[PDB]
Amino acid sequence: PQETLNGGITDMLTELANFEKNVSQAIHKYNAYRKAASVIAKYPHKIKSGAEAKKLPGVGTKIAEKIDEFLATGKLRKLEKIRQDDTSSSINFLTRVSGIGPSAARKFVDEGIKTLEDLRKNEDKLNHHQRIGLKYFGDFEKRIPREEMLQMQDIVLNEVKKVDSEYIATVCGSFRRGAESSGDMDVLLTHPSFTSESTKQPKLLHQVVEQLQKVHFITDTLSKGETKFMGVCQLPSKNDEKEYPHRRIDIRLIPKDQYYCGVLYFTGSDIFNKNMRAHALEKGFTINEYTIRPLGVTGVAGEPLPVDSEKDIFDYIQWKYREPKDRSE
DNA sequence: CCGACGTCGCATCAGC
DNA sequence: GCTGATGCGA
DNA sequence: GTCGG
Ligand code: NA
Ligand code: NA
Ligand code: NA
Ligand code: NA
């Protein structure tokens, strides 16, 4: 449907969502509003009343009431008021900086730090992650065209294979499903020498991050441990041409025996994962991001089943293998 | 009425 | 110093 | 805020 159908309603619900999360610190209310906005965004009809909307799963009495108010006046008194509140609007805004959550944002606003400029003047009060979030505030809010993602992938697959031709790397997320743009790059990494019961050699991930920094693809590090890296990268600039914006990239090292459950999971979509998990249970299986296990007649999960491919997972549950392209739900 | 609402790796805080 | 809790992002 | 046991 077109954003013009119920875009006013969905934007309203989404704005309310942020304030719940970033200001009132009510994560479940944040998710209730998003769920409502999502179900409405998918509704192929221009909503005429709150009652009509209440029929959708996730829209209850209160949101129905807010929709009625929005339809009759074109606005919502509570949202209008919070939008004008200097304190709340500032807290909400600061959370847009990666590394600054509801707590840090509240803390900053409390002591008078309300804008990016203010943050700029108070470096010593920002942890490492927050400094990077500030530094690339704008770049991080830009999406990544599929063409750039392909170029990013070329570099990641090439450097990884260069470190050890036995590594197996897979760029997941919506990009793997074929999306035209991405918000970041999610790379799942594995190596035959690493299994659930094998040595976790604290350098399989390090060696890959290192090479990527060596060829100057990775430019900054937000966090990095033995199994997960979260950083920033940037495609090499075309000589005599505008430089590419910095991008967020995460790299996860996963045991080989859990690699494919990981790829399926991190490929999504979220709606698809929910359905697949459902089908799995009714078929006597429990599927999480790590493994797939058989459920006994009493409900006791047995040992994880061997998975050597995504298809293996689909087979266990008697489901035809579906391309990432068709995993929208 | 009233609890659930995905979980977990990493960085950093809070307490001992 | 070490252990557990919290913040944060995904 | 919404759902549901
Ligand atoms: Na409803
Ligand atoms: Na943030
Ligand atoms: Na944010
Ligand atoms: Na080799």
Side-chain angles (χ1 to χ4, degrees), chain A residues 12-22 24-40 50 53-67 76 78-79 91 94-108 125-134 136 140-141 171-175 182-189 202 205-206 209 220-232 247-255 258 261-262 264-278 286-291:
Chain A
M12 166 181 81
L13 297 181
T14 298
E15 198 175 320
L16 288 171
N18 299 325
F19 280 111
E20 287 305 336
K21 178 167 72 74
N22 313 317
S24 302
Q25 301 179 202
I27 193 62
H28 305 301
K29 282 195 176 183
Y30 159 73
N31 290 312
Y33 275 123
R34 288 172 78 197
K35 177 180 176 179
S38 282
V39 69
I40 286 174
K54 198 173 179 308
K55 298 177 185 174
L56 309 183
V59 171
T61 295
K62 311 265 287 190
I63 292 177
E65 305 184 313
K66 283 174 171 62
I67 282 172
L76 193 68
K78 277 176 179 175
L79 192 50
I91 294 179
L94 293 189
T95 60
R96 286 169 56 187
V97 177
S98 188
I100 296 184
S103 182
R106 190 156 194 182
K107 189 172 176 180
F108 285 135
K125 292 174 175 169
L126 273 53
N127 58 36
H128 183 66
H129 183 149
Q130 300 170 326
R131 290 177 180 177
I132 295 180
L134 176 60
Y136 303 116
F140 288 179
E141 294 202 317
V171 175
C172 303
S174 61
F175 165 82
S182 301
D184 60 12
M185 172 168 272
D186 199 18
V187 195
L188 274 68
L189 193 74
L205 179 53
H206 174 76
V209 173
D220 298 270
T221 300
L222 293 171
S223 60
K224 172 173 124 59
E226 281 174 38
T227 71
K228 182 172 188 176
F229 167 93
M230 295 176 89
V232 188
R247 313 293 201 186
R248 279 281 295 98
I249 178 174
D250 294 340
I251 300 171
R252 315 160 192 283
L253 179 62
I254 307 175
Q258 292 180 179
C261 276
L264 179 61
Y265 182 73
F266 287 110
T267 294
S269 63
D270 287 303
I271 297 180
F272 171 93
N273 286 336
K274 222 220 68 176
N275 293 317
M276 195 171 167
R277 288 195 283 278
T286 181
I287 300 178
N288 57 45
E289 80 168 66
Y290 308 108
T291 64

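Chain identifiers are assigned alphabetically (A, B, ...) following the order of the sequence lines, protein sequences preceding nucleic acid strands; residue numbering begins at 1 within each chain.
Note on A:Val97: only backbone sugar-phosphate atoms sit closer than 4.0 angstrom, heavy atoms only; bases stay farther off. At the heavy-atom level, A:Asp250 lies under 4.0 Å from the strands shown only through sugar-phosphate atoms. Residue-level contact check: A:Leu16 touches neither bases nor backbone, having no heavy atom under 4.0 Å from any strand. Residue A:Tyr30 is out of contact with every strand shown, counting any heavy-atom pair closer than 4.0 Å. A:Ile100 comes within 4.0 angstrom of sugar-phosphate atoms only, judged by non-hydrogen atoms across all strands, and of no base.
Within a 6.0 Å sphere centred on CZ of A:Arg106, other residues, nucleotides and ligands contribute 12 heavy atoms or fewer. Applying the 6.0 Å contact sphere to NZ of A:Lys224 captures more than 12 heavy atoms from other residues, nucleotides or ligands.
Look at A:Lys29 and you'll find a side-chain N or O under 4.0 angstrom from OP1 or OP2 of D:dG1. For A:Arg248, a side-chain nitrogen or oxygen approaches OP1 or OP2 of C:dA10 to under 4.0 Å. Contact between the side-chain N/O atoms of A:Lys62 and the OP1/OP2 oxygens of D:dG1 is found at a separation under 4.0 Å.
Comparing B:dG6, D:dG1, C:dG7 by their closest approach to the side chain of A:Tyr265 singles out B:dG6. The side chain of A:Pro102 has C:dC8 as its nearest neighbour among C:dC8, C:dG9, B:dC10. The side chain of A:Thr227 lies closest to B:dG9 when the candidates are B:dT12, D:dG1, B:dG9.
Residue A:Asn31 is the one, among A:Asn31 and A:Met230, whose nearest nucleotide of DNA chain B lies closer to the 5' end (criterion: closest heavy atom). Nearest-nucleotide positions on DNA chain B place A:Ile27 closer to the 5' end than the other of A:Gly225 and A:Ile27.
To the nearest whole angstrom, the two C1' atoms, one in C:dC8 and one in B:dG6, are 15 Å apart.
Distance A:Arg96 CZ to C:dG9 P: 14 Å, rounded to the nearest Å.
How far CG of A:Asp184 is from OG of A:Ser182: 7.5 Å, rounded to the nearest 0.5 Å.
Across all their heavy atoms, A:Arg34 and A:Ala17 have their closest contact at CG-CB, 4.2 Å.
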